[PDB]
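Participant: I'd like to ask some things about the structure below.
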Amino acid sequence: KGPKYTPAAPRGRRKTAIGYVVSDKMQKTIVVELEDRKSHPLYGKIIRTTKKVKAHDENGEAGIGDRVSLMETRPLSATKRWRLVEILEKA
Amino acid sequence: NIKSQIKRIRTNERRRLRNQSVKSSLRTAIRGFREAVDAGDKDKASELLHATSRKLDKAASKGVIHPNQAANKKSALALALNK
Amino acid sequence: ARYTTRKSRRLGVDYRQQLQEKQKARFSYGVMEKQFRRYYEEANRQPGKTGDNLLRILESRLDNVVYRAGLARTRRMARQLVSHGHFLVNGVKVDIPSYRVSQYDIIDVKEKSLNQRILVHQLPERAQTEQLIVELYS
Amino acid sequence: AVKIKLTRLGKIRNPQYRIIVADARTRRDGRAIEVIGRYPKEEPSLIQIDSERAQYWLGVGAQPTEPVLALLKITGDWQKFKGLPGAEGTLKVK
RNA sequence: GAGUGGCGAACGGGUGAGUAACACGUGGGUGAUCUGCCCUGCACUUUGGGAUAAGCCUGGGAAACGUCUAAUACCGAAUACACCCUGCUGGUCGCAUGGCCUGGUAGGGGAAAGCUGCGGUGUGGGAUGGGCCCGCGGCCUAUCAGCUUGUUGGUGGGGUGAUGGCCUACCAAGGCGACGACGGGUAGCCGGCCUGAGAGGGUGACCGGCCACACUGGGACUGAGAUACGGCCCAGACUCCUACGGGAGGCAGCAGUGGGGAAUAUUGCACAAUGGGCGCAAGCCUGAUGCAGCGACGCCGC
Ligand SMILES: [Mg+2]
Ligand SMILES: [Mg+2]
Ligand SMILES: [Mg+2]
Ligand SMILES: [Mg+2]
Ligand SMILES: [Mg+2]
Ligand SMILES: [Mg+2]
Ligand SMILES: [Mg+2]
Ligand SMILES: [Mg+2]
Ligand SMILES: [Mg+2]
Ligand SMILES: [Mg+2]
């Protein structure tokens, strides 16, 4: 009577990021600089912080001074956690 | 000691020598495959895949190697054989 | 600890002035300073006037009730009666002077105890000095 | 695997249990997956259970412990799950 | 009774040495993955053999660790179209590798156990527990300014449950740092707890999570799962038994003893209750736990 098979029965979103490219000199990986802004807990200055984020290029499309949209991945390599989705603007 | 550890030491000598034997037999099977491929010997190596891929998945059926390991060996041998 | 006329004689009414009104309020009701400290810290938590709640809590004591009831003369006389367990509350032996009776509490006397059972309609407001004892603390 | 326990939250000589779904491995007063119900020092024992959650966890296959299996059999969530004709109707308070 | 065998022994309990780190706290990700026992679909439990403890007879010593017979122990096969591998191809989904429709095909292979009601293999699903990445957060120091060579990336292989310089062989020459890198010092982290009107400051007792460690270091084996306290192997430090031939052991389990300290407890009772393990069950273990003793150590009450 029972069906010999049953259904499995979705898809959480990964984080995104946009930032200006720096040092795209390493085999299809683009080192993107992401700006962040948080208020300092006591004093209440809005501090501009930055960090370099190694993105997987594939084929070497973007260049330096480009504003590249990104998305997270698994570890493609140690440091490299990201890939580019889409390339806005140019050098 | 004092405990039933004395019994479970006697098992881990027995059950090692079973699993050591099967793990070693897979290595010599997989080793003799690669020497057939590196010679440029197609008809011999095509036979040795069905020899080894039989023997891999039987070791997964024992509960020694675990099936995901047994699968990823068979994948590596078949993609080697096609070239 | 139970204290067990002169202590009243020093005060009359048988920082200089602040302590003296607390002292009569304490030794009237027979309270120890740690217990008197607790009723203050409960009173200020409750709403309304914080001073007026203090006298409500001290008047609520089960032995105080006996004094008002007049079953036993001299508030200190009632200490001997209550702890000995002569009194009863809702068919339960209260052997405790610190019992604070609420509304609709029925105080009866135990059978025998031969040496008249009045009920609590509400906790009485101050009309039935506090601002020294409030300004004493804090 | 998963198991319906009791967990002793009371003061000395005065236990109060709450009926907890948890792993077999966890310590007695450990982390629950969910608190279903609650439960012995009364003329009438006090027993309260969510009937909806009890059916869910039993339907998955949470094994009751021996004294919890009495409480489920009393209140009659065990007979809803098992589907045997003894039915439900027990407890009161007063 | 002991002995082979199955499960358990990774849980419970201990302590804070180490660690300034994805260790922890809150957030997500897993199209990058595992899961014994448990229940609840579907399909099967076919067929044959070879040994080995116990038992006897030997040696060895104060002590303690050569010939036979069974099994749900261990093994050749057969069957399984669910499943694993490879080739050619259909449609859709999108966030790129890719996923999913047990997609459809045609090649090659995967298992098992029985005896007085419990089980046993394979494979869909559900639930539990994990593992691995990242966003931000949280002490002191420049009288620490340069650090890195598997180092940062790529390609082909090896490897893992799984993604990854995780490892390895060849090309490229990059990575991190004044927003404090690399060093030195101290430190279990937190929910909380003490204070303060607050913002802050201090602390991490009990109780409840996560981490690390089990004489000191370095391993792996067995397994569904291992920092494997009361396991194994080796190396060191230390201490016991000895008939000097040989051995054995690690309280940071609960009690307890001696030290060190201004200072901290009984060599208690019981599995009756709740939790856990094994067994069909009756039960049998549980210094977890429930309680008792002792000390005004604290908070209440007479
Ligand atoms: Mg591979
Ligand atoms: Mg450091
Ligand atoms: Mg097992
Ligand atoms: Mg330390
Ligand atoms: Mg201030
Ligand atoms: Mg060690
Ligand atoms: Mg293994
Ligand atoms: Mg020990
Ligand atoms: Mg062990
Ligand atoms: Mg001890």
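Residues are referred to by chain and number: the chain letter is A, B, ... according to the order shown in the structure tokens, the number counts from 1 in that chain, and ligands are numbered separately from 1 in the order shown.
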Residues at most 9 Å from ligand 7, using only C-alpha atoms (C1' of nucleotides) and all ligand atoms? Could they come as a PyMOL selection string?

Facilitator: (chain B and resi 63-66) or (chain E and resi 221-223)

Participant: Mind writing the picked residues with C-alpha atoms (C1' of nucleotides) as a PDB file, in the first residue's frame?

Facilitator:
```
ATOM      1  CA  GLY B  63      31.788  -1.503   7.648  1.00  0.00           C
ATOM      2  CA  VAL B  64      35.543  -0.838   7.375  1.00  0.00           C
ATOM      3  CA  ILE B  65      36.131   1.910   4.801  1.00  0.00           C
ATOM      4  CA  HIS B  66      32.734   3.778   4.898  1.00  0.00           C
TER       5      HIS B  66
ATOM      6  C1'   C E 221      43.840   1.462  17.009  1.00  0.00           C
ATOM      7  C1'   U E 222      38.566  -0.176  17.851  1.00  0.00           C
ATOM      8  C1'   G E 223      33.969   2.495  16.671  1.00  0.00           C
TER       9        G E 223
END
```

Participant: Could you please extract the residues within 9 Å of ligand 2, counting only C-alpha atoms (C1' of nucleotides) and all ligand atoms, and hand them back as a PyMOL selection string?

Facilitator: chain E and resi 19-20+183-186

Participant: For those residues, write C-alpha atoms (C1' of nucleotides) to a file as a PDB file, in the first residue's frame.

Facilitator:
```
ATOM      1  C1'   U E  19      44.399  29.125  24.992  1.00  0.00           C
ATOM      2  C1'   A E  20      44.016  36.612  23.184  1.00  0.00           C
ATOM      3  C1'   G E 183      56.319  39.885  19.445  1.00  0.00           C
ATOM      4  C1'   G E 184      56.062  40.268  25.343  1.00  0.00           C
ATOM      5  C1'   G E 185      52.431  39.952  29.808  1.00  0.00           C
ATOM      6  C1'   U E 186      48.011  38.256  31.906  1.00  0.00           C
TER       7        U E 186
END
```

Participant: Could you jot down the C1' of residue 50 (chain E) to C1' of residue 74 (chain E) separation for me, Å, one decimal place?

Facilitator: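 About the pair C1' of residue 50 (chain E) and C1' of residue 74 (chain E): they are 9.3 Å apart.
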
Participant: Please produce, as JSON lines, a per-residue contact table for chain A versus chain E (criterion: any atom at most 7 Å away, only C-alpha atoms (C1' of nucleotides) considered), showing the nearest atom pair and its distance in Å to one decimal, sorted by chain then residue number.

Facilitator:
```
{"residue": "A:2", "atom": "CA", "partner": "E:41", "partner_atom": "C1'", "distance": 5.8}
{"residue": "A:4", "atom": "CA", "partner": "E:42", "partner_atom": "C1'", "distance": 4.6}
{"residue": "A:5", "atom": "CA", "partner": "E:124", "partner_atom": "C1'", "distance": 5.0}
{"residue": "A:6", "atom": "CA", "partner": "E:124", "partner_atom": "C1'", "distance": 5.9}
{"residue": "A:14", "atom": "CA", "partner": "E:29", "partner_atom": "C1'", "distance": 6.4}
{"residue": "A:26", "atom": "CA", "partner": "E:153", "partner_atom": "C1'", "distance": 5.6}
{"residue": "A:27", "atom": "CA", "partner": "E:153", "partner_atom": "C1'", "distance": 5.9}
{"residue": "A:49", "atom": "CA", "partner": "E:179", "partner_atom": "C1'", "distance": 6.1}
{"residue": "A:74", "atom": "CA", "partner": "E:163", "partner_atom": "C1'", "distance": 6.4}
{"residue": "A:75", "atom": "CA", "partner": "E:164", "partner_atom": "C1'", "distance": 5.9}
{"residue": "A:76", "atom": "CA", "partner": "E:164", "partner_atom": "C1'", "distance": 6.6}
{"residue": "A:77", "atom": "CA", "partner": "E:164", "partner_atom": "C1'", "distance": 5.6}
{"residue": "A:78", "atom": "CA", "partner": "E:164", "partner_atom": "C1'", "distance": 6.3}
```

Participant: Mind listing the residues within 9 Å of ligand 5, only C-alpha atoms (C1' of nucleotides) and all ligand atoms counted, as a list in words?

Facilitator: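 Based on only C-alpha atoms (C1' of nucleotides) and all ligand atoms, ligand 5 is surrounded within 9 Å by residues 196, 197, 198 and 200 of chain E.
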
Participant: Enumerate residues in contact with ligand 8: an atom-to-atom distance of at most 7 Å, counting only C-alpha atoms (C1' of nucleotides) and all ligand atoms. Format the result as a ChimeraX atom specification.

Facilitator: /E:229-230,251,253

Participant: Once you have the residues from the selection above, write them out as a PDB file, in the first residue's frame, restricted to N, CA, C and O atoms (P, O5', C5', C4', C3', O3' and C1' of nucleotides).

Facilitator:
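What landed in selection-v6.pdb:
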```pdb
ATOM      1  P     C E 229      39.394  10.902  28.005  1.00  0.00           P
ATOM      2  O5'   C E 229      39.626   9.814  29.146  1.00  0.00           O
ATOM      3  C5'   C E 229      39.024   9.949  30.447  1.00  0.00           C
ATOM      4  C4'   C E 229      40.081   9.897  31.528  1.00  0.00           C
ATOM      5  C3'   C E 229      40.213   8.568  32.262  1.00  0.00           C
ATOM      6  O3'   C E 229      41.165   7.719  31.631  1.00  0.00           O
ATOM      7  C1'   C E 229      39.886  10.297  33.835  1.00  0.00           C
ATOM      8  P     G E 230      40.938   6.135  31.602  1.00  0.00           P
ATOM      9  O5'   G E 230      40.522   5.798  33.104  1.00  0.00           O
ATOM     10  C5'   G E 230      41.506   5.541  34.129  1.00  0.00           C
ATOM     11  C4'   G E 230      40.920   4.696  35.239  1.00  0.00           C
ATOM     12  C3'   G E 230      40.051   3.520  34.817  1.00  0.00           C
ATOM     13  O3'   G E 230      40.838   2.398  34.429  1.00  0.00           O
ATOM     14  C1'   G E 230      38.947   4.718  36.515  1.00  0.00           C
ATOM     15  P     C E 251      44.249   8.741  39.441  1.00  0.00           P
ATOM     16  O5'   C E 251      43.882  10.282  39.601  1.00  0.00           O
ATOM     17  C5'   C E 251      44.278  11.042  40.760  1.00  0.00           C
ATOM     18  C4'   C E 251      43.047  11.489  41.507  1.00  0.00           C
ATOM     19  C3'   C E 251      43.253  12.542  42.585  1.00  0.00           C
ATOM     20  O3'   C E 251      43.208  13.849  42.019  1.00  0.00           O
ATOM     21  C1'   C E 251      41.913  10.769  43.429  1.00  0.00           C
ATOM     22  P     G E 253      39.655  13.605  39.519  1.00  0.00           P
ATOM     23  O5'   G E 253      38.080  13.378  39.497  1.00  0.00           O
ATOM     24  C5'   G E 253      37.329  13.421  40.723  1.00  0.00           C
ATOM     25  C4'   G E 253      35.953  12.830  40.538  1.00  0.00           C
ATOM     26  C3'   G E 253      35.178  12.619  41.833  1.00  0.00           C
ATOM     27  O3'   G E 253      34.365  13.757  42.107  1.00  0.00           O
ATOM     28  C1'   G E 253      35.356  10.563  40.681  1.00  0.00           C
TER      29        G E 253
END
```

Participant: From the DSSP assignment of the backbone, select every residue of chain D that is helix (DSSP H, G or I), and format the answer as number ranges by chain.

Facilitator: D: 51-60, 66-75, 77-82

Participant: Would you mind exporting N, CA, C and O atoms of the selected residues as an mmCIF file, in the first residue's frame?

Facilitator:
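Saved result, again_21.cif, follows:
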```cif
data_model
loop_
_atom_site.group_PDB
_atom_site.id
_atom_site.type_symbol
_atom_site.label_atom_id
_atom_site.label_comp_id
_atom_site.auth_asym_id
_atom_site.auth_seq_id
_atom_site.Cartn_x
_atom_site.Cartn_y
_atom_site.Cartn_z
ATOM 1 N N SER D 51 -1.524 18.475 25.104
ATOM 2 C CA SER D 51 -1.970 17.315 24.322
ATOM 3 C C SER D 51 -1.480 17.343 22.870
ATOM 4 O O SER D 51 -1.266 16.289 22.271
ATOM 5 N N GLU D 52 -1.307 18.543 22.314
ATOM 6 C CA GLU D 52 -0.866 18.710 20.924
ATOM 7 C C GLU D 52 0.609 18.348 20.743
ATOM 8 O O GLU D 52 0.965 17.648 19.792
ATOM 9 N N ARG D 53 1.454 18.825 21.657
ATOM 10 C CA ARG D 53 2.902 18.589 21.591
ATOM 11 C C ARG D 53 3.275 17.151 21.954
ATOM 12 O O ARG D 53 4.213 16.594 21.380
ATOM 13 N N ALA D 54 2.549 16.562 22.905
ATOM 14 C CA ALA D 54 2.721 15.148 23.265
ATOM 15 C C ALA D 54 2.482 14.198 22.087
ATOM 16 O O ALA D 54 3.228 13.235 21.908
ATOM 17 N N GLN D 55 1.450 14.479 21.293
ATOM 18 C CA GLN D 55 1.165 13.712 20.071
ATOM 19 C C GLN D 55 2.232 13.883 18.985
ATOM 20 O O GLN D 55 2.527 12.933 18.256
ATOM 21 N N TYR D 56 2.794 15.088 18.874
ATOM 22 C CA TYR D 56 3.873 15.369 17.917
ATOM 23 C C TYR D 56 5.148 14.583 18.236
ATOM 24 O O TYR D 56 5.700 13.912 17.361
ATOM 25 N N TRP D 57 5.604 14.673 19.485
ATOM 26 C CA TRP D 57 6.870 14.055 19.905
ATOM 27 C C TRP D 57 6.798 12.526 19.970
ATOM 28 O O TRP D 57 7.774 11.847 19.637
ATOM 29 N N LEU D 58 5.655 11.993 20.401
ATOM 30 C CA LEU D 58 5.386 10.549 20.324
ATOM 31 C C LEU D 58 5.263 10.045 18.881
ATOM 32 O O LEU D 58 5.711 8.939 18.572
ATOM 33 N N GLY D 59 4.657 10.853 18.010
ATOM 34 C CA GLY D 59 4.553 10.539 16.582
ATOM 35 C C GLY D 59 5.878 10.507 15.833
ATOM 36 O O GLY D 59 6.047 9.715 14.903
ATOM 37 N N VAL D 60 6.807 11.377 16.231
ATOM 38 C CA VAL D 60 8.203 11.314 15.770
ATOM 39 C C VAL D 60 8.889 10.027 16.249
ATOM 40 O O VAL D 60 9.597 9.374 15.479
ATOM 41 N N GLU D 66 9.746 5.350 32.171
ATOM 42 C CA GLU D 66 8.755 4.479 32.820
ATOM 43 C C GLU D 66 7.711 5.221 33.676
ATOM 44 O O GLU D 66 6.517 4.932 33.554
ATOM 45 N N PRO D 67 8.145 6.171 34.536
ATOM 46 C CA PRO D 67 7.156 6.909 35.337
ATOM 47 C C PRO D 67 6.392 8.009 34.582
ATOM 48 O O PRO D 67 5.310 8.400 35.023
ATOM 49 N N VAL D 68 6.947 8.502 33.473
ATOM 50 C CA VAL D 68 6.218 9.405 32.569
ATOM 51 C C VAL D 68 5.133 8.649 31.795
ATOM 52 O O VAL D 68 4.046 9.185 31.565
ATOM 53 N N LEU D 69 5.431 7.409 31.403
ATOM 54 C CA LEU D 69 4.464 6.539 30.714
ATOM 55 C C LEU D 69 3.199 6.248 31.536
ATOM 56 O O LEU D 69 2.133 6.017 30.964
ATOM 57 N N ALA D 70 3.322 6.258 32.865
ATOM 58 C CA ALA D 70 2.156 6.264 33.761
ATOM 59 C C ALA D 70 1.316 7.536 33.618
ATOM 60 O O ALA D 70 0.093 7.460 33.500
ATOM 61 N N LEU D 71 1.980 8.692 33.628
ATOM 62 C CA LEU D 71 1.300 9.995 33.558
ATOM 63 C C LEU D 71 0.602 10.238 32.216
ATOM 64 O O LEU D 71 -0.471 10.844 32.178
ATOM 65 N N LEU D 72 1.215 9.771 31.128
ATOM 66 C CA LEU D 72 0.595 9.813 29.797
ATOM 67 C C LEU D 72 -0.592 8.850 29.677
ATOM 68 O O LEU D 72 -1.601 9.188 29.054
ATOM 69 N N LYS D 73 -0.457 7.657 30.259
ATOM 70 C CA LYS D 73 -1.560 6.684 30.328
ATOM 71 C C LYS D 73 -2.746 7.170 31.166
ATOM 72 O O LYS D 73 -3.899 6.890 30.826
ATOM 73 N N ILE D 74 -2.459 7.877 32.260
ATOM 74 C CA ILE D 74 -3.497 8.491 33.099
ATOM 75 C C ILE D 74 -4.261 9.554 32.303
ATOM 76 O O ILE D 74 -5.457 9.397 32.052
ATOM 77 N N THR D 75 -3.562 10.615 31.901
ATOM 78 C CA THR D 75 -4.180 11.748 31.193
ATOM 79 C C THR D 75 -4.741 11.393 29.805
ATOM 80 O O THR D 75 -5.638 12.078 29.307
ATOM 81 N N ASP D 77 -3.106 10.843 26.672
ATOM 82 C CA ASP D 77 -2.370 11.140 25.436
ATOM 83 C C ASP D 77 -1.670 9.905 24.860
ATOM 84 O O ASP D 77 -1.455 9.829 23.651
ATOM 85 N N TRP D 78 -1.309 8.951 25.719
ATOM 86 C CA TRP D 78 -0.759 7.661 25.273
ATOM 87 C C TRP D 78 -1.765 6.846 24.449
ATOM 88 O O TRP D 78 -1.385 6.185 23.480
ATOM 89 N N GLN D 79 -3.040 6.905 24.836
ATOM 90 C CA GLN D 79 -4.111 6.169 24.151
ATOM 91 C C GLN D 79 -4.567 6.834 22.844
ATOM 92 O O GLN D 79 -5.072 6.148 21.952
ATOM 93 N N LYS D 80 -4.402 8.154 22.733
ATOM 94 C CA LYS D 80 -4.555 8.856 21.448
ATOM 95 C C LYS D 80 -3.474 8.462 20.437
ATOM 96 O O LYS D 80 -3.776 8.217 19.267
ATOM 97 N N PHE D 81 -2.224 8.418 20.897
ATOM 98 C CA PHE D 81 -1.086 8.014 20.060
ATOM 99 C C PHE D 81 -1.171 6.540 19.657
ATOM 100 O O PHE D 81 -1.056 6.210 18.474
ATOM 101 N N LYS D 82 -1.366 5.672 20.646
ATOM 102 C CA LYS D 82 -1.443 4.224 20.421
ATOM 103 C C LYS D 82 -2.719 3.812 19.675
ATOM 104 O O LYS D 82 -2.703 2.846 18.908
#
```

Participant: Counting only C-alpha atoms (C1' of nucleotides) and all ligand atoms, what residues are within 9 Å of ligand 9, given as an MDAnalysis selection string?

Facilitator: (chainID B and resid 5) or (chainID E and resid 9:10 228:231)
